[PDB]
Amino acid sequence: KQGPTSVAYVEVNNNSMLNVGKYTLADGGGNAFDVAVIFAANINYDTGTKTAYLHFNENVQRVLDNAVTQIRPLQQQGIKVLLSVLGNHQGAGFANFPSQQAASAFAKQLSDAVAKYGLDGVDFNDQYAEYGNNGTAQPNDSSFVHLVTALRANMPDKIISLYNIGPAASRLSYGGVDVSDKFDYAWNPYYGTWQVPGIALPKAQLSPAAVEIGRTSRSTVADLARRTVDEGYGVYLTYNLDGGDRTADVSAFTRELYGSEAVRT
C-alpha cells in the first residue's frame, strides 16, 4: 500500500503487542500499522547515588523477556517496534541530567536495551517525571541535547522519536547542537486532536494527528486521517489498541491514508 506511516501504542500491561499485526489492508496492500510502540519503560531515580536509571515494570519486562513470541512476529511481518520511556514521579526526567556524562549513561541503558531485545528504536515521552522530586533539579537546557546526541551516536541505524510534550520538547538546542535532525518522527501528544509538532522535521516525519482507539470518535479518526494527507504529513499516531475487534476504527483511518479499508484476523 502507499501512504503516511501509522503508529500504534500498546499498553503492555493490559494489552498484547501481537494485536497490531492482526490488522491488514483489504486491498491486499499490507499491515494497517507500520510502527508498534511498547508503552512503556520509565526514568527512575536512585536518591542515594543521585542517578536516574531506565526502569522496567515487571509486566513490561515480561514482554521483553519473551521478545521472541511477543515482538518477533510483528517484525517478521515488517512492523517496527519501539520502546517508549515515560517519567515516573521520581524527579529524574529527560531534561534533568546534571552533566553530559550522566545523560549518556542513561543513553547507554537505552541503546543496550534495544540491542538485547532486538528492538528497532526508542520513543521519548516527557510526562509524569515530576522534576524537583527527590532533591532533583528543575529542567535544564543541556540535559535533553546530551541524551539524544549520545543515544543517536550509540544506535545510528535505529529510530528515535518523541512526543511533542513536556520540558524536553522545548529544549532541543544546546551548544552548537540542535538535536531535532536526530529524531526520525515527532508526534502530537493529545489524542483526538490535530496539533502540528513545532519541531524542525519534514512533514513526512511529523504526526499532527493523535488518536486513541476506543476513546476517539470514528468521525474524528476519519477526519484527522483525511487532514494528515491533505496537509502533506507522513505519520499518523494511534494509541491504546487492545484485543477487541477494532476493524472499523482502523478502517476509518486506513481508508483515508491508504484508500483501503482494513480486515482483522
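Quick note: we count residues from 1 along the sequence shown, nothing fancier.
Mean CA B-factor, 81 to 89 versus 95 to 103: the higher value falls on 95 to 103. If you average the C-alpha B-factors over 173 to 181 and over 120 to 128, the higher value belongs to 173 to 181.
In this PDB entry, residue 6 carries a Cα temperature factor that places it within the lowest third of its chain's modelled residues. Per the PDB record, residue ranking by Cα B-factor puts residue 151 in the lowest third of the chain. Ranked by C-alpha B-factor against the other modelled residues of its chain, residue 208 falls in the lowest third.
Residue 54 sits in the lowest third of its chain by CA B factor, as recorded in the PDB entry. Among all modelled residues in its chain, residue 231 ranks in the lowest third by Cα B-factor.
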